[PDB]
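*Asks:* how does the following fold in three dimensions:
(chains A, B, C, D and E)
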Amino acid sequence: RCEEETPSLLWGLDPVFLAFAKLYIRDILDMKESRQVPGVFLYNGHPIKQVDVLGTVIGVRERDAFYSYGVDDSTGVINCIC
Amino acid sequence: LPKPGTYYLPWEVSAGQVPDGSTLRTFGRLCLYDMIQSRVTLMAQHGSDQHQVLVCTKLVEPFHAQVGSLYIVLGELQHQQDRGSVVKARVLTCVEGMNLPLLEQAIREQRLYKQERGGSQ
Amino acid sequence: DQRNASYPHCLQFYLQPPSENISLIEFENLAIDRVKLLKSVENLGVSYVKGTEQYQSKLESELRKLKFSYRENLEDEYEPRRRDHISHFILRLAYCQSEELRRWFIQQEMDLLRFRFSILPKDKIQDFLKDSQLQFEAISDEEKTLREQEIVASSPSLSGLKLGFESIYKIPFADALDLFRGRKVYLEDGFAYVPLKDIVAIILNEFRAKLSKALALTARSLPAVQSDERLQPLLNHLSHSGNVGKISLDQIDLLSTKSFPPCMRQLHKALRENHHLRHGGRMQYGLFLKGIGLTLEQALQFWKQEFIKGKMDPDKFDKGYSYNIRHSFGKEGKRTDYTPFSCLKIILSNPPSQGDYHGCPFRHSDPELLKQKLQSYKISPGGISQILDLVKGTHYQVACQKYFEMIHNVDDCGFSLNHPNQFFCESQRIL
Amino acid sequence: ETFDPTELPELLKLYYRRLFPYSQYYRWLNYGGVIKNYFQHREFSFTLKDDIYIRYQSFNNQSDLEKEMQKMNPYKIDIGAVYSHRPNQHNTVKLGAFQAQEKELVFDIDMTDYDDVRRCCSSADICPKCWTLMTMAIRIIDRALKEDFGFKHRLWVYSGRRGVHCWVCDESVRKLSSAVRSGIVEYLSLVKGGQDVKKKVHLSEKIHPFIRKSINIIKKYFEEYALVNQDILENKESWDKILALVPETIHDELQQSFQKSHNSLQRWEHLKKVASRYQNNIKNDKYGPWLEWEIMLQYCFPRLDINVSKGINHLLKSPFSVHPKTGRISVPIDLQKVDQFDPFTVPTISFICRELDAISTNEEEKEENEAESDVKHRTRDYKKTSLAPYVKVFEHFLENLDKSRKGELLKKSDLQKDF
DNA sequence: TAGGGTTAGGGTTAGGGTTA
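*Replies:* Numbering: from 1, shown residues only, chains lettered A, B, ... in the order given. Coordinates below:
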């Protein structure tokens, strides 16, 4: 069956929407997005808007106005913008 | 971007239970720092058994050495023809006082949870 | 027999670190004494020329004054040899921070070793090589006579077939770079046939340089464990220890007619004439204008104007030239801000070719063209003769000083010229 | 047909799809894999459309290289040096530990650097008569490298517009430092001086064996080309600038002789006679005894550039490129047929694309119902094209290098007592 | 006649494709 994402009119009823969630980096890599509202992501019925990661930096790059950082948390790597 | 670093206790990698070219992160205690050839031999105990891992260091010079201390090494493994297994260091930090059993139980629990979540797919 | 075994000869490649124990004050004294001696020999070498008698006599006097080992009296050489050994390894520990410091140390040690070998008797050089871990090969008189013509036409200071009573050594090319570069040695399938004295000196010098480089590279990884609280002030002591206000975009012509030194006046004139310049001149000019108080926006406008006068397209300018200029000032990219080239570096930089104008005219210009350009600047005939004499003496900096004094109508400049920023800042102070 | 910049991209895509010799290119770069990941640590620098400059593009394997080449479709291909880590991950290692280690020694020759001497064309124009310049330059440099230093493998590539590049690819040369290469280039350079300097040679009485060999191998070409083709001594201003190369003591006499003479041959003969007379009558002259030799070298010797060889991380155009102005594909030049190399006969991208179309037309009735992979299809494709002699020469060079590797490994077996 | 003051509050956006 076509898994229908929960309607956007009921996202805020979750207590997780306004919080900083802790996730495995592989999960945040492999977890899907939402079509009705781009820019936000949906995981197992719980919409997620904010994440918190921790690990060892393994990549540094500088630009005109924003830094770059490649973090690792023993399962995957994601870029960071500061 | 590089590949992630999975944990591995010393005795498994000592027996060569990982594919060549994989990226791994392990621990141990330093035993000797061969100055001229840029080679590090660290050791880790296991009951009555002691295991040895060879670490190339050509990417972290300059580097202070603390004889008889624990270490954490992250990098890639290359199966050499005669030297056997040597890990190419990318980051090599020193930690002291951290108890091993908590760490070993931690990776055991994480592996168990990953396998448990793997039982649904 | 520790004393004799430790120090058999007045010369030594310095391959064995010592094992005795020394007091701290003696350590500091040896360090400062040898660094003073090295600086003095550097200055003496840069002032006079190699050989002669006054230069070597003054160097010998400096060595004897600083209680080091310089001669080979066969009595009581234990103390000077030991002091030289210890102090040399102390400075080896010291000068292992930056590549340029290593190069300077290697060059000065090379000069000192060349001097000491130049005061070494031939039987003693043979014994010193025998104690050294070096291997040489001697060719046979058959091929010696077979290759007579090439070895005599190479002119290694040879005087009309003087090869009688000589031994010729065969050396791979990658070890005799000094005679290799100057085209003074016959070459064949990666080999060199050479006379005795010059090549033995140069081969010893080159292998010593390579081995010292390798040892310095090895010792580079030691200071990671040099966390001792003591000796820290000494290492810090040995570790060594152009912002004029903003200017307009239209006074550059007058300042150039007034404040540009000769080493860049030709470049400015060519830029103002053809409105186009190649890489070697372009980076030099950009670095100089950056170092005299020109902003990013002012420099961009200046370059775009002077290149619009060169019949370009503004889109092409934005794509190539301003694009290069942005990283020329470290606006983006790696942003490693670059210091302007020094006078010495520019004089000893890449030799310009056709279509290029970078480089001081005192080194890379014809004497007649130099005289004509000086006359275009209204230089007195006496000043012209003095400039010509200084050029003949290879004292380009003194010629630049004379040009500064003539253009600014000052009897004495009073400051040694080392960088174009110094010239421009002093000119602005005068203005 | 006339190359048009408004039609190139599709032809470039087709070329990268079909004709680019990926197999031989990888075989050369891989070097047989005697050293672990030697090819894996190479730096590339493409140049996409709109003149955007990118670099540091490593490649894990040949198949990945083919896929990325097919997708990206770049204009210029370049080769860097071998580093201690994969270039695409250069930001993952501490600064200062990512240094260049080995690269191939190269030289460059710019045809435009002879404007003040040459008169056949103007600026960026070429003629068949001036090709002898780079021909004799190639001969001189190749002979000097082959004999004086004994470098075994050499590979000459024609850039496409005005230049020819040297790709020395021996074993004991890739490990050299910067100072040694600077010494090589200094020893191989004779034309010295900037714009302000007129005379490019200051030779004493003594002559080096290298100069002797050069002057011996340069006589057979100087006469015809210089006297007949270019006619250096034709006009008044010609010999007016000529006489600046000789002492003023005979300037008026030589000018009168040129006025009396009619053609350049007579003027050159009179110059030779006057020079020979002055050599027998040398009286306190700082000038060398080889006026004729030094003028021939000044107007005839090749000119190098120390900057392209001093650096170790520098970049230079890869072979088999596509110049965006004439469409001529950079091809190797045979060593034994250098005198029969016309620059204008090199096949172009448009001609080779029409050849591919005709090849498909032939395949419509000659090759049908083939269940082969892309490898064999592309093999027969570039076999049927006009690049066959060029790839054959490249393969012959690769076979020579392979034979050298076989000899070196057999020598290592002899030394190591492993049979 | 029993709590204090009771107030709703931060809730955007920023750009790669580079060497002496």
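
*Asks:* residue ranges for the strands of chain B, please.
*Replies:* When secondary structure is read from DSSP state E, chain B shows strands at B:6-7, B:23-34, B:39-46, B:49-56, B:70-79, B:85-93.

*Asks:* figure out how far the fourth one is from the centre of its chain.
*Replies:* The one in question is strand B:49-56. From the chain centre to the centre of strand B:49-56 is a distance of 9 Å (C-alpha atoms, centre = their mean, to the nearest Å).

*Asks:* do the shortest one as well
*Replies:* Distance of strand B:6-7 from the chain centroid (C-alpha atoms, centre = their mean) equals 9 Å.

*Asks:* which parts of chain A sit against DNA strand E?
*Replies:* A:18, A:61, A:63-66, A:81 (C-beta under 7 Å from any atom of the strand). All C-beta spots, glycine's among them, are computed from the backbone N, C-alpha and C.

*Asks:* show me which of those are buried.
*Replies:* Among those, none is classed as buried by neighbour count (16 or more other C-beta atoms under 10 Å in any protein chain shown).

*Asks:* save those as TSV, and put in distance to residue C:151 too.
*Replies:* Formatted as TSV, the entries for the residues of chain A next to DNA strand E read as follows, by distance: C-beta to C-beta, whole Å:
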residue	distance to residue C:151
A:18	89
A:61	58
A:63	61
A:64	62
A:65	66
A:66	66
A:81	68
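
*Asks:* from those, pick the one nearest chain B.
*Replies:* Of all the residues of chain A next to DNA strand E, the one with the least separation from chain B (C-beta to the nearest C-beta) is residue A:61, at 11.2 Å.

*Asks:* do you know how far residue C:46 is from residue D:327?
*Replies:* With the distance defined as C-beta to C-beta, to the nearest Å, residue C:46 ends up 56 Å from residue D:327.

*Asks:* of those two, which one has the most company?
*Replies:* For residue C:46 versus residue D:327, neighbours defined as other C-beta atoms under 10 Å in any protein chain shown are more numerous around residue D:327 (25 against 9).

*Asks:* wait, which of the residues of chain A next to DNA strand E is closest to residue C:283?
*Replies:* Taking C-beta to C-beta as the measure, residue A:64 is the one of the residues of chain A next to DNA strand E closest to residue C:283, at 22.1 Å.

*Asks:* picking up where we left off before, among the strands of chain B, which is nearest chain C?
*Replies:* For these, proximity to chain C was assessed by C-beta to the nearest C-beta; strand B:23-34 is nearest, at 9.7 Å.

*Asks:* hey, C-alpha coordinates of that closest one in CSV?
*Replies:* C-alpha atoms of strand B:23-34 as CSV (Å, rounded to 0.1, in the frame of the first residue of the first chain):
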residue,chain,number,x,y,z
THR,B,23,38.3,1.4,7.2
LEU,B,24,38.5,0.5,10.9
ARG,B,25,39.2,2.1,14.2
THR,B,26,40.7,0.1,17.1
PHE,B,27,42.7,0.6,20.3
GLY,B,28,45.8,-0.7,22.1
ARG,B,29,48.9,0.1,24.1
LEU,B,30,52.1,1.3,22.4
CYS,B,31,55.2,-0.8,22.7
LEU,B,32,57.8,0.5,20.4
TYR,B,33,58.3,3.5,18.1
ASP,B,34,60.7,2.7,15.3
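
*Asks:* can that strand be said to contact chain A?
*Replies:* Yes - shown here: strand B:23-34 in contact with chain A (C-beta under 8 Å from any C-beta of the partner chain) through residue B:25.

*Asks:* so which residue of the stretch 301-431 of chain C comes closest to chain A?
*Replies:* Of the stretch 301-431 of chain C, the residue with the smallest distance to chain A, taken as C-beta to the nearest C-beta, is residue C:332 at 5.1 Å.

*Asks:* identify the residues contacting that residue.
*Replies:* With contact taken as C-beta atoms under 8 Å, 6 or more residues apart in numbering or on different chains, residue C:332 is in contact with A:63-64, C:326.

*Asks:* got it, and residue C:424?
*Replies:* Residues touching residue C:424, when contacts are defined by C-beta under 8 Å, 6+ apart, comprise C:244, C:259-261, C:288, C:291-292.
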